[PDB]
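Undergrad: sequence plus experimental coordinates follow:
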Amino acid sequence: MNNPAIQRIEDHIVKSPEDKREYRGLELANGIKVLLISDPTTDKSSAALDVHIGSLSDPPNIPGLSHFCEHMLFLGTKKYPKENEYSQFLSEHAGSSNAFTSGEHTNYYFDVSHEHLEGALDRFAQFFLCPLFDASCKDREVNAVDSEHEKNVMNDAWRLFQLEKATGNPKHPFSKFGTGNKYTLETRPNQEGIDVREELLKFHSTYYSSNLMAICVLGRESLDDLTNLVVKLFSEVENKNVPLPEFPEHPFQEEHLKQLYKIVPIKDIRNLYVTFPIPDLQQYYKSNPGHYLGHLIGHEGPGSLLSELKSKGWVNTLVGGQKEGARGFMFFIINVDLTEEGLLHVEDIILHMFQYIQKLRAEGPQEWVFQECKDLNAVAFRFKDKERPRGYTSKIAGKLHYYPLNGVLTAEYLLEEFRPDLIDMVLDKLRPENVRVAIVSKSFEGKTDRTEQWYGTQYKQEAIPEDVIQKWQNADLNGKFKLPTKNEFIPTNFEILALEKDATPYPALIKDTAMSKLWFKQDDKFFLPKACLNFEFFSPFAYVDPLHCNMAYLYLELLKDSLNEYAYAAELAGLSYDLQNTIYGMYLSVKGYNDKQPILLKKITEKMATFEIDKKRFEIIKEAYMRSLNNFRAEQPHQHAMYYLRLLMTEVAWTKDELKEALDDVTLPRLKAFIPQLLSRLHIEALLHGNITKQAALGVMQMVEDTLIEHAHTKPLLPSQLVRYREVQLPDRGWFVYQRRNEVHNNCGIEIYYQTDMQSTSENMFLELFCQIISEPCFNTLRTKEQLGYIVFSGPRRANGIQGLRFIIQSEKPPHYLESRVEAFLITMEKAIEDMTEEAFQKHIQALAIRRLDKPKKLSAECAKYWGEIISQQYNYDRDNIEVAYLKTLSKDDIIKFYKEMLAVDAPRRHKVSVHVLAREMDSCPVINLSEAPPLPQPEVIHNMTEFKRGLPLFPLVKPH
Ligand SMILES: Nc1ncnc2c1ncn2[C@@H]1O[C@H](COP(=O)(O)OP(=O)(O)OP(=O)(O)O)[C@@H](O)[C@H]1O
């Protein structure tokens, strides 16, 4: 028998034969389910604990208690009473942490340096043993939750989520507000005489029980050592024998069925949401009835429901399938975005959905379809990409609550039994008398009478008239809806090609022509049957002016539009592609199983070189683009700041306004004329990386090359004759502010940029070590202590061979206040670096070292790494070893000089730019315990981006390695 704290050990966890990680399952005596993962190669260790309790178990009068419970646990325990002991420890050992509260789950996860798993896991363990719940930390963290709510309060996705809850059964726990805010965690409690500190203590002591807990730990140590460690730390978690909450009666009764919801969005979008309440299908995980139906109703491709709706000019995109609810209840949704025509024919669109559903009922479940999904799921599991520890443990900890230890890995991938009975059972629920429909359009603006209390959402609620219902009930069968045919893109050749004699550890330049520059690497470490095919097409006509930019974007959107129907089989079969316009031409990437890449790439390049535009498509795609450009105003204020800075700092950059102004000049004949120009002269720089040979890479390149030459008559464009844009050089001691208004959000967005110098090994690590040092104290000071907002980011910015320190904050406080507090933080940090020990400094060096050396676990990750060196034309493939080596030579003084030279308010080489994106009603003027803010100069206010650039020098381009 095993250790007295372990009920049983599952030594045979089902994994992929490809997976070298060793697994072991445990069920501790206190009811904790545990999965241990041993990876002797891993650079970062990780652990996650998932409590099977969430927002649905919140007290009636206190919405968002479990979410707020999550927040507090980071801030002090009995063994470790320091407010930021946990995060500070992790930061100083190359780690990070995070947590989310769902309806039924509170998931706590972290990663850390593999040399320090025990110490990190100890501090983590104490969260579930002896939480402190400090009153000083409570009255501050309330702001962070309120700011978290105020960030998502203008988000369309979050408004619709709560609106669905608030329109169900009010008595049902589903209707409860999960996030929480200042009003529910501090305000209203201080009126009824409720003690939230005792309620947080109440919730933890009632619900945080070891019988409702699951853990996953990944480390370098052996399975036996990981066993002893988890036992030693988590065996003494108090079992409170809490019954697992269950919600068997559906929150959506017949009084909530056959209802229509007119909703006013924040962005100018048009969306249709069709919802069917279904029973909890979780028990049927190894047959997946709902996902068989989701695969067919959500299918894109010939004969599919979308294809038809798209061809009628009503709908562009379609999401279909099972949506989770909580133990006891689920949903089946069909979501589509609408065209202008679609909005008028909402009723007609829903009729078409029921015609497809009725076809499924008539046709009956198809063994071969389920068998197709079975095969691809099984390929998807076997050849699955090795995961990042932090996300892997988090996911597993959640899955442990649902499946047997031995089957926690295979569960949602491997299907077992075809069950036609279960499919028909669910399909029977997809009926007009069972629908809930939601139209989301700015057309309803000002004509609503109901308001959702938590978000302020403006909506109308009415019943669907029985005559409309009957029309949907009496829907016949359409000849234009037809079942999908055999997926010919299903991969069958998984042979890993022998590593060639010439093989290199970095991408090698195997082709150097005027037409094409070809970088290639055969994979020497992942040995999965996959390849990444990356192509950058250089044409000067793609970004010459806003109009041609618009035409380049539109060409590729219409191209993907006409390929989607064909390319969807491939996406299902693990073969994906990406096609988008750049500031230098076009970007094409094909990733996935190598087998049938040539066929897909062949058709894409063929369609590129012989593209014939459909008129109706053009008008629809153009309208969607015009509307898309207008919708950027409704984006987050911090996203606005980042965007405008990117424009400010580049020699040539067409603004959002400039593009939409020039879009009405785009016509079909003009777009038709444009394509032959784009393709007439091209240079291609490519990276082909993975399970392919030298011969195979060159054969791929020739096919793209010769297809363009044979169809589009492409002539080589010399690289030396390709003009590249440079970054704006800020003057020494200068401070510039660009001021824009966001007219939707009641929060402001700020980006403060301190430009340093051109990227080089030295300057790169100066910035990166400084950033590492200030990383957690920025979060602890500006957010945790000062409570400036939920979004407080600090790190290195890299663009156009240039770099610098950036701060990104979203806040209800004005930008000028944010500015002062960031500057106060920089003062505090300099003294911190001055005062800190020589061994605390070496921790930061060692911490950043591990982060930079942290090896890619999968092909695409190593590919994107190499692609970055190609894009920037720096070709520094051994960057990490060189830069870490230099980092270790750095002393406190090096960083002190760097700060004094480049970053201090008095710095002789401070290069400061700031983007201030104003809140809706907020002001428009540049102009107590807290640590003191220094005096700041008067900024130069940028009114014209173009003028601003014209008056400044530009940087050189970075030398190739
Ligand atoms: N939604 C997505 N679709 C397609 N590819 C994605 C998507 N998300 C991530 N990727 C790819 O996977 C990579 C992300 O890898 P991730 O950061 O999880 O691990 P990693 O890069 O190996 O990190 P490390 O090297 O530190 O271990 C990206 O480089 C990107 O190419």
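TA: Received the coordinates, thanks. Residues are numbered from 1 along each chain as shown.
Undergrad: who does the residue in the stretch 601-750 of the chain that the ligand sits nearest to form a beta bridge with?
TA: Closest contact between the stretch 601-750 of the chain and the ligand, by Cβ to the nearest ligand atom, is at residue 689 (11.4 Å). Just so you know, the C-beta spots here come from the backbone N, C-alpha and C atoms, and that holds for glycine as well. In this entry, residue 689 is beta-bridged to residue 521, residue 532, by DSSP bridges.
Undergrad: what's it in contact with, if anything?
TA: Under the criterion of Cβ atoms under 8 Å, 6 or more residues apart in numbering, the neighbours of residue 689 are 507, 520-523, 531-532, 534, 859, 862-863, 866.
Undergrad: quick check, central residue of this structure?
TA: Nearest to the geometric centre of the chain sits residue 391, at 12.3 Å (Cα atoms, centre = their mean).
Undergrad: point me to the helix or strand that includes that residue.
TA: Assigned by DSSP states H and E, residue 391 falls within helix 389-399.
Undergrad: hmm, that helix in reach of the ligand?
TA: No: using Cβ under 6 Å from any ligand atom, helix 389-399 stays clear of the ligand, with a minimum separation of 6.8 Å.
Undergrad: contacting residues around the helix or strand following that helix?
TA: Later in the chain than helix 389-399, the nearest helix or strand by DSSP H and E is helix 420-427. Helix 420-427 is contacted from outside by 278, 281, 284, 287, 289-290, 292-293, 332, 357, 360-361, 364-365, using Cβ under 8 Å, 6+ apart.
Undergrad: if we go to 10 Å?
TA: With Cβ atoms under 10 Å, 6 or more residues apart in numbering as the test, helix 420-427 has contacts from 276, 278-279, 281, 283-284, 287-294, 296-297, 322, 330, 332, 357-358, 360-361, 364-367, 369-370, 419.
Undergrad: equivalent analysis for stretch 834-842, please.
TA: Contacts with stretch 834-842, where a contact means Cβ under 10 Å, 6+ apart, come from 92, 769, 773, 832-833, 843-844, 849, 888, 890-893, 895-896, 899.
Undergrad: let me see the contact set for residue 893.
TA: If you count contacts by Cβ under 10 Å, 6+ apart, residue 893 has them with 833-834.
Undergrad: and the next element down the chain from whichever strand or helix holds it?
TA: Using DSSP H and E, residue 893 sits within helix 892-898. Next in sequence after helix 892-898, counting helices and strands by DSSP H and E, comes strand 911-918.
Undergrad: give me the next element, helix or strand, following that following strand.
TA: Per DSSP H and E, the first helix or strand lying C-terminal to strand 911-918 is strand 940-942.
Undergrad: any idea which helix or strand comes after that following strand?
TA: helix 945-950.
Undergrad: now the residue nearest to the centre of the chain: closest residue in space, sequence neighbours ignored.
TA: residue 109 (7.8 Å; Cβ to Cβ, 6 or more residues apart in numbering).
Undergrad: please point out which parts of the lengthiest helix in the chain sit buried.
TA: Longest helix in the chain by number of residues (criterion: DSSP state H): helix 546-572. The neighbour-count check on helix 546-572 (16 or more other Cβ atoms under 10 Å) flags 546-565, 567-572 as buried.
Undergrad: what subset of these is also close to the ligand?
TA: Residues of the buried residues of helix 546-572 in contact with the ligand (Cβ under 6 Å from any ligand atom): none.
Undergrad: count the neighbours of residue 614 for me.
TA: Applying other Cβ atoms under 10 Å, we find 14 residues neighbouring residue 614.
Undergrad: ramachandran angles for it?
TA: phi -80, psi 130 (degrees, to the nearest 10).
Undergrad: look up how far residue 561 lies from it.
TA: Distance of residue 614 to residue 561, computed by Cβ to Cβ, to the nearest Å: 9 Å.
Undergrad: overlap in contacts, the two.
TA: Common neighbours of residue 614 and residue 561 (criterion: Cβ under 10 Å, 6+ apart): 620-621.
Undergrad: using ChimeraX, make a named selection holding only the buried ones among the contacts of stretch 834-842.
TA: The following ChimeraX line selects those of these that are buried, judged by 16+ other Cβ under 10 Å:
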select :92,769,773,833,843,844,849,890,892,895,899
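Undergrad: from the contacts of stretch 834-842, which is closest to the ligand?
TA: For these, the residue nearest the ligand by Cβ to the nearest ligand atom is residue 849; the value is 12.8 Å.
Undergrad: would you mind confirming that that closest one is in contact with residue 887?
TA: Yes: taking Cβ atoms under 10 Å as the definition, residue 849 is a contact partner of residue 887 at 6.2 Å.
Undergrad: what residues are shared contacts of these two?
TA: 769, 772.
Undergrad: for the residue nearest to residue 308 when sequence neighbours are not counted, helix, strand, or coil?
TA: Spatial nearest neighbour of residue 308, excluding adjacent residues (Cβ to Cβ, 6+ apart): residue 480 at 5.2 Å. Applying DSSP: H, G, I helix; E, B strand; the rest coil to residue 480 yields a three-state assignment of coil.
Undergrad: was I right about residue 480 contacting residue 307?
TA: Yes: if you go by Cβ under 10 Å, residue 480 and residue 307 touch, sitting 8.2 Å apart.
Undergrad: comparing the two, which residue is more hemmed in?
TA: Shown here are residue 480 and residue 307; by other Cβ under 10 Å, residue 307 has more neighbours (20 against 15).
Undergrad: helices or strands up against the host helix or strand of the more buried one?
TA: For residue 307, the element it lies in under DSSP H and E is helix 305-311. If you count contacts as 3 or more Cβ pairs under 10 Å, 6 or more residues apart in numbering; DSSP states H and E, helix 305-311 packs onto helix 289-297, strand 315-326, strand 329-338, helix 346-363, helix 546-572, helix 615-630.
Undergrad: and these, which is most packed in?
TA: Comparing those by mean neighbour count (mean count of other Cβ atoms under 10 Å), helix 289-297 ranks first with a mean of 23.
Undergrad: from the chain's centre, how far out does that one sit?
TA: 25 Å (Cα atoms, centre = their mean, to the nearest Å).
Undergrad: ok, now stretch 607-622?
TA: So, by Cα atoms, centre = their mean, the centroid of stretch 607-622 is 30 Å from its chain's centroid.
Undergrad: can you tell me the distance between the two ends of it?
TA: End-to-end span of stretch 607-622 (Cα to Cα, to the nearest Å): 20 Å.
Undergrad: for residue 728, grab phi and psi.
TA: Note on residue 728: its backbone torsions stand at phi -60, psi 130 [degrees, to the nearest 10].
Undergrad: would you confirm that it contacts residue 953?
TA: Yes: using Cβ under 10 Å, residue 728 makes contact with residue 953 at a distance of 8.0 Å.
Undergrad: quick one: what helix or strand has residue 869 in it?
TA: helix 859-871.
Undergrad: determine the set of other helices and strands touching whatever helix or strand comes next after that helix.
TA: Next along the chain after helix 859-871, taking DSSP H and E as the criterion, comes helix 879-887. Counting contacts by 3+ Cβ pairs under 10 Å, 6+ apart, helix 879-887 packs against helix 761-778, helix 838-853, helix 859-871.
Undergrad: tell me which of those sits most buried.
TA: helix 761-778 (a mean of 21).
Undergrad: from the ligand, how far out is residue 267?
TA: From residue 267 over to the ligand the distance is 22 Å, taken as Cβ to the nearest ligand atom, to the nearest Å.
Undergrad: what's the neighbour count on the residue in the stretch 301-450 of the chain that the ligand sits nearest to?
TA: Taking Cβ to the nearest ligand atom as the measure, the point where the stretch 301-450 of the chain comes nearest the ligand is residue 388, at 4.2 Å. When neighbours are counted by other Cβ under 10 Å, residue 388 registers 18.
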